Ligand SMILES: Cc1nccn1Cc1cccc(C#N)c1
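So this first bit is one chain, no partners, the form solved without this ligand, shown in structure tokens.
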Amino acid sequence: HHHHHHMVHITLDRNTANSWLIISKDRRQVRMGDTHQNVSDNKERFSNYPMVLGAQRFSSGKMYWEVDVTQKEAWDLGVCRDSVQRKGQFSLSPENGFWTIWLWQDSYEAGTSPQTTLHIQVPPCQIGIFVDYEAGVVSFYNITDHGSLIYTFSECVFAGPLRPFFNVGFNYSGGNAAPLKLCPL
């Protein structure tokens, strides 16, 4: 792909994080802690899942960023509306304000409703995410496989400002402790 020149510097918003997440000093990495991280509760925190938002809000233009997923067994990545539900149980779908892909149990899927099987021959260590606000597009790229396309959501109805979206996943297995990292430009 040729989207690299739309690169944006994403940082994580601590206030939105599930209370078990540990965000690095530079706000560029996040991982699952083994306990509650001793923060107060607030209406922005994702309560049920190990999720956090980027601080940046996008309402126009073209944006690109990359995320390192090395080692991980489970994660979700993409964008979401600023007004997505934070509390209780919900599915990741465009109807609920999410445009995401994930890894779960050795398969990759796009967060459509119902979910869509992805076809990835080279398991990615870094994912590129491209948003074209005006066109209504969210695309995912396999940086490990020379930038090959993973998935395109088109005809998106964003219906609000967008925020970068992250889920580090649970670590029931002891094999999913590794962080998500925002990769340098």
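The first residue of the shown sequence is 1; numbering continues from there.
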Between the two ranges 35 to 43 and 130 to 138, the one averaging a larger CA B factor in the entry: 35 to 43
Selected stretch [higher average CA B-factor]: 114 to 122 or 156 to 164: 114 to 122
Lowest, middle or highest third - CA B-factor, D68: middle
Chain-relative CA temperature factor third for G97: lowest
Chain-wide C-alpha B factor ranking for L180, given as lowest, middle or highest third: lowest
Position of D82 among the chain's modelled residues by C-alpha B-factor, lowest, middle or highest third: middle
Third of chain Cα B-factors occupied by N171: lowest
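Absent from the display: the form deposited with this ligand bound. The rest refers to it.
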Listed residue that, although this ligand is not shown, lies within 4.5 Å of it in the deposited complex (heavy atoms), from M63, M32, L118, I143: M32
Interface membership of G54, this ligand in the deposited complex, 4.5 Å heavy atom rule: no
Contact of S148 with this ligand in the deposited complex (heavy atom, 4.5 Å): no
Non-hydrogen atom contact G128 with this ligand in the deposited complex at 4.5 angstroms: no
Residue contact check: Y49 to this ligand in the deposited complex, 4.5 Å heavy atom: yes
Members of 10 to 33 lying within 4.5 angstroms of this ligand, judged by heavy atom, in the deposited complex: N18, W20, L21, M32
